[PDB]
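**Student:** Please find one structure pasted underneath; my questions will follow.
Counting neighbours? That spans all protein chains shown, and the Cβs are built from the backbone with ideal geometry, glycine included. Nothing in this text is a laboratory measurement; each read-out follows from the coordinates by a stated rule.
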Amino acid sequence: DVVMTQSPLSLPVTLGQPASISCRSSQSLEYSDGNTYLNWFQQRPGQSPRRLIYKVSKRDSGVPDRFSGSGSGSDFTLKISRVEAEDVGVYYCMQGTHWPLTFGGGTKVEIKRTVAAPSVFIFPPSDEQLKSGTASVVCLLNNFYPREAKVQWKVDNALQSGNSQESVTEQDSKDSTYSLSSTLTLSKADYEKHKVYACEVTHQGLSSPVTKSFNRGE
Amino acid sequence: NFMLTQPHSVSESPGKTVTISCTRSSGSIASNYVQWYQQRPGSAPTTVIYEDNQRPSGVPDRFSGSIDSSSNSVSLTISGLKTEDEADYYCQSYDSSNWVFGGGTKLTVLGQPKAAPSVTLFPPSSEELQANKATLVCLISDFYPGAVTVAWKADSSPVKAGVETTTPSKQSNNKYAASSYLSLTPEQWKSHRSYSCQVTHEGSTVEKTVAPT
Amino acid sequence: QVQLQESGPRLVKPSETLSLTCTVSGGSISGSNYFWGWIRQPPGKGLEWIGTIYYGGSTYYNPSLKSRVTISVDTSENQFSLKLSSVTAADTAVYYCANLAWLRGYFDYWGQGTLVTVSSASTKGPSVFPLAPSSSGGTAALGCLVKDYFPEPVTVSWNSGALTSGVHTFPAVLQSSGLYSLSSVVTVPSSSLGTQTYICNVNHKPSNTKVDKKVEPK
Amino acid sequence: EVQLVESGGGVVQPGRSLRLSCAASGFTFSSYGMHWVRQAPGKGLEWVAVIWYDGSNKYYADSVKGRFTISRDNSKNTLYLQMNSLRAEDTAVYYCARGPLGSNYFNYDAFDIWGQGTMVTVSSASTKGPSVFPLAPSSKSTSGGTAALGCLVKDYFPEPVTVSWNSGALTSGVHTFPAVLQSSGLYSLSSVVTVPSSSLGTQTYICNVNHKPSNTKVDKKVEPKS
Amino acid sequence: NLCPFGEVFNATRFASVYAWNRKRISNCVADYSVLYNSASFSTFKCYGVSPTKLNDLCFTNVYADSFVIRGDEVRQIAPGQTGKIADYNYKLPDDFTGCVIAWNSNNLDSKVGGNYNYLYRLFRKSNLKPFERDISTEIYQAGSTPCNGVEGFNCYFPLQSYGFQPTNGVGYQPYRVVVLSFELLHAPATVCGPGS
Ligand SMILES: *[C@@H]1O[C@H](CO)[C@@H](O)[C@H](O)[C@H]1NC(C)=O
């Protein structure tokens, strides 16, 4: 198919400062009538997409004129001149004449923030859960501005793999931060076979990996 | 330039279906439109199909047209054959700055069983020879499908000059008959070992031979 | 609703110039954008395009006749013409004029056709020859040859009326010598050939020629 | 106002069929082409099908070609998507977007208007209500002048689950994490909230979980550990 | 004001079939008779319309597509056809209404030595939809082995060139082709003929 390659998905921007996304096609996009039928869509959180630009550089009705399309051939560019906070979300490009009609993978646009280290908390399994025969240990990273973090579970100092699920929130309207929950599940039997449970957190905000831990029965 | 080629004749019974082929000699018959005319004896030809697949106002839908670029031919087809359709049919096209007609084809709606032709070759008579002329006469008789072609040969070498031939006419039999002459100088008449009259009818060729001796 | 009518002399001497005209009723040659053609067919033979004309100025000729054909049109009398110089026995044909609504169209409206014969022959009477009997058992075939008679009409009887069974008289042929020739045949029992006399009565009204020729075996 | 209102999505077992409807308003439906586009949870947009303004042509993405069938009803202004032999890879949100005005032979720019989507979830997991477990605040969640405290909502197959704290009264500093899909086919989630560490002895914290598909409401008090 | 057919037929440059052109013609008067009466086209058929009626007709738009193919490929432009040009370069739809016009350009598009500027697409993973245009240069994986694109190997470059020489047979000579496409939507017409 015609492959649509977008700008890096994380595109953190400062409000009031211009931003720009690159779409690049596997083949040149001009059609036989000499038009290039590349669209630009904006998808806000929890919304269906809206079209901002059609035909490379034509602005759709009701789109603020800071939005700007440009480009030709195989290289295209959506440009905002003064980012505002409404402009947050995912932006897709799209070709309209090749029959696969593929779209770009998407570029996520987040507010750029000063670096904020997470606050780590740990939760042992509830006693009710252990009746079920399973045990869930929740690690909780809170309010970090960089979304990138590494959290690892050690049980009695042994690393655990294939054992846990992480889940992050969307960027916070007020303080521009993320929070992540990592959950470790074991059988109740295996859980009672150990005493020290820790998750060790790595992140720009910490100048060395922080470890949160508890011991069973203390 | 190009030629269009059709069969000499096709024949079928009333209510049956018959197809007539038209094959371009060179270039693609599909390049430009091809037409089909019906010609009744004595009248100017009528258009039955134009633009390959179209019937003019009046022409019934028993007549259809079709292209076959795999053989570089087009075909006129009549289903529900009706005796009034017995006629001559020509295809035509236009390439370069020339319009071309096909050879024509004599459709025959059948009203009686087909009959093999009877062929008789009369040498020139001593009466005429003494008049310093010589004429060979080929009489063809008693054949139903009234289509026929005739070829003259002098020792298997085909003769072309001095040949004239009747187009077939109904006889009192209700069958058909036709006649062909090869005119000769009496010098040439004795200058070959024999002469032959070749008759072709329904894809079958009868010949008769007369020697000057 | 256009009507076409061929006009001209139906007998042309060899080596002369053949000249026809197609007077047109119901449409205007100059006001229409039709093409106007000439098509001919020698008797017993298929149609052969000669030439088309268009009043814009372009005229198309059969390349086998280009040196001999010219085609003209005068609006004052609403007709167009054919002229075929240096004519020979091979141009004997029915000549038709037809129209065409566009180059590469079909010939819609045709004239009735006019036959022109090419022959330098004044009124001449037949020279009747015998087709002596040969042959089929009990079905000898026997006949009269009727050569070289310029007027087309010629009647033929056998035994002054008492023989009609098995009798056929073929249509005339026009030789290259410009003269008609015709033949008449009867098939009779080969048993009868030694007694029953066979006399063919040949009548050619224009030249005042009556001949009765006996046909005998040899 | 132009409107495109899809419906007909939900939980379909694999191999079975489902039919989706897009009800258009505000424009002459008959004049434009139409498109079905899908978005899988967390992923980008994938084009499913196209139909021509007059219904004459239908083009498909090879992933659904042979299994999906687009169709419109110009009398009732309705686009349809017939989904058969549904696989797991077909789980997505399905949108209808307006096509070009006129023939897609000649007019190409389109997707100028989109519907709100309908959710299609292809799984073989019996509808189940969540178990709700307390995430009790400890000295390992107090940190400084704060107390993180939560609810762990696990084992509920239909996706939509809603959690409030103290019947909506507590909102400040609350995080409900996006569900994730477990090995078993069920969805696990936890909701969490920080509170002043002093309050743990005086104020009482209760999370409220609602799971409409299984008709299950569970309230769980969260208490500190002794 | 008259229509820019001359800009379409008399353009000194005509595209390659894989990169065929398309001009939209609207808001003018078209004397189609300048086309269908021309003895110089080698091929002229309308589909769904009889050429007579063109000058008495009124369309919303008219779309001239133009390219160069070789002689015996011209039988492929017409709808329902298959083969190299129909499958991979230019495909008319089955419901096509309009004319397909061709003419030999050997005097124009041939050079002593061969004119290689004209190309056609030899391989494609699936057939074009009608009026799709494909100008990719990705390397075609005819074989089971993955291709790294950079190299030929058993993988093939998709575009091959016509070797257009004057001395070629009439089958292997350049033929400029124009495809008129008549669009009648429920909007007021904008291209009419002189009689309309
Ligand atoms: C292309 O050229 C001719 C003269 O060379 C010009 O009159 C006209 O614009 C074109 N002819 C056609 C399209 O038949």
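**Student:** How about residue D:128: which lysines have a C-alpha closer than 28 Å to its C-alpha, ignoring those fewer than 8 places off in the same chain?
**Tutor:** Of all the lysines, those that pass the test against residue D:128 - Cα under 28 Å, at least 8 places apart if same chain - are A:131, A:188, D:43, D:154, D:212, D:217, D:220, D:221.
**Student:** Could you bin all the Cα-Cα distances of chain C into 10 Å bins starting at 0 and give me the percent of pairs in each, rounded to whole numbers?
**Tutor:** Histogram of Cα-Cα distances, whole percents per bin: 8, 27, 22, 17, 14, 9, 3, 0.
**Student:** Summing +1 for each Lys or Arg and -1 for each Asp or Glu, what net charge is found among the other residues whose Cβ lies under 15 Å from the Cβ of residue D:148? Mind showing how you got there, number by number?
**Tutor:** Numbers: positive: A:212, D:140, D:225; negative: D:223.
Around residue D:148, the charge tally is +2.
**Student:** Let me ask you something else. In a shell of Cβ-Cβ distance under 14 Å around residue D:160, excluding residue D:160 itself, what net charge do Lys and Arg (+1) and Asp and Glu (-1) give?
**Tutor:** Numbers: positive: D:128, D:212, D:217; negative: D:159.
After counting each charged neighbour, the total is +2.
**Student:** Something else about it: Which of A:79, A:193 has the fewest other C-beta atoms within 10 Å, and how do the rest follow up to the most?
**Tutor:** A:193, A:79
**Student:** Taking the Cβ-Cβ separation of residue B:68 and residue D:171 as r and a Förster radius of 60 Å, what is the calculated FRET efficiency to the nearest 0.05?
**Tutor:** Values: r = 79 Å, r/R0 = 1.32.
Taking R0 as 60 Å, the efficiency between residue B:68 and residue D:171 is 0.15.
**Student:** Calculate, in nm to one decimal, what residue A:72 and residue A:160 gain on full extension: separation in residues at 0.36 nm each, minus their alpha carbon distance.
**Tutor:** On the way: separation 88, 0.36 × 88 = 31.68 nm, distance 4.99 nm.
My answer for the length gained is 26.7 nm.
**Student:** On to the next question. I'd like the Karplus ³J(HN,Hα) series for the stretch D:171-188: coefficients 6.51, -1.76, 1.60, θ = phi - 60°, whole numbers in Hz, and an x wherever there's a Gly or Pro.
**Tutor:** Karplus values, whole Hz, x for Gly and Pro: 10, 5, x, 10, 10, 9, 7, x, 4, 10, 9, 8, 4, 6, x, 9, 10, 10.
**Student:** Through the Karplus equation 6.51 cos²θ - 1.76 cosθ + 1.60, θ set to phi - 60°, convert the phi angles of the stretch A:85-101 into ³J(HN,Hα) values in whole Hz; use x for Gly and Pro.
**Tutor:** 3J(HN,Hα) across the stretch A:85-101, in whole Hz: 7, 5, 7, 8, x, 10, 10, 10, 9, 6, 9, x, 10, 5, 5, x, 6.
**Student:** While we're here: Quick one: Cα centre-to-centre distance for the stretch A:191-216 and the stretch A:97-118, in angstrom?
**Tutor:** So the separation of the two Cα centres works out to 32 Å.
**Student:** Hey, what number do you get for chain D at 222 nm if only DSSP H runs of n ≥ 4 count, each worth -39500 (n - 2.57), divided across all residues, to the nearest 500?
**Tutor:** Details: 1 runs with 4 residues, N = 226.
After summing the helix terms and dividing by residue count, I get 0 deg cm²/dmol.
**Student:** Could you list D:47, C:38 in order of exposure, starting from the residue whose Cβ has the fewest other Cβ atoms within 10 Å? Mind dumping the intermediate values first?
**Tutor:** Working: D:47 22, C:38 27.
By the 10 Å Cβ count, ascending: D:47, C:38.
**Student:** Oh, and also: Cα-based count: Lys pairs in the stretch E:52-196 below 19 Å, eight or more positions apart or different chains?
**Tutor:** Going through the stretch E:52-196 pair by pair, I get 4.
**Student:** Now for a separate question. Among bridges DSSP assigns within chain A, what percent are antiparallel (round to 5)?
**Tutor:** On the way: 61 of 65 bridges.
Counting only bridges with both partners in chain A, antiparallel ones make up about 95 percent.
**Student:** Which one, C:32, E:154, D:187, projects farthest toward the positive side of the charge dipole computed for the protein assembly as shown from Cβ point charges (K/R +1, D/E -1)?
**Tutor:** About the Cα centre, the residue reaching furthest to the positive side is D:187.
**Student:** Given +1 on the Cβ of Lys and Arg, -1 on the Cβ of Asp and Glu, and no further charges, what dipole in debye does the protein assembly as shown carry about its Cα centre, rounded to the nearest 20? Working shown, then result.
**Tutor:** Working: 90 positive and 80 negative charges, 167 e Å.
Dipole of the protein assembly as shown, to the nearest 20 debye: 800 debye.
**Student:** Related question: For residue E:58 and residue E:157, compute 0.36 nm times the residue count separating them, minus their Cα-Cα distance, and round to one decimal in nm. Don't skip to the end; give the middle numbers.
**Tutor:** Values: separation 99, 0.36 × 99 = 35.64 nm, distance 4.42 nm.
Additional length available on full extension: 31.2 nm.
**Student:** Residue by residue through the stretch B:27-34, which ³J(HN,Hα) values in whole Hz follow from phi under the Karplus form 6.51 cos²θ - 1.76 cosθ + 1.60 (θ = phi - 60°), with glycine and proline marked x?
**Tutor:** So the Karplus estimates, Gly and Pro as x, are x, 8, 3, 7, 5, 10, 3, 10 Hz.
**Student:** Moving to a separate point now. Determine the distance separating the Cα centre of the stretch C:120-149 from the Cα centre of the stretch B:38-99; give it in Å without decimals.
**Tutor:** 40
**Student:** Then there's this: For the residues D:52, B:99, what sequence is obtained by ranking on other C-beta atoms within 10 Å, fewest first? Could the numbers behind the result be given before it?
**Tutor:** Working: D:52 20, B:99 28.
Least to most surrounded, the residues fall as D:52, B:99.
**Student:** How many angstrom separate the Cα center of the stretch D:157-226 from the Cα center of the stretch A:47-73?
**Tutor:** 41
**Student:** Quick check: net charge around residue C:132, other residues with Cβ under 10 Å of its Cβ, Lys/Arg +1 and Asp/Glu -1? Spell out each step's value before the answer.
**Tutor:** Numbers: positive: C:218; negative: B:127, C:216.
Residues near residue C:132 contribute -1 overall.
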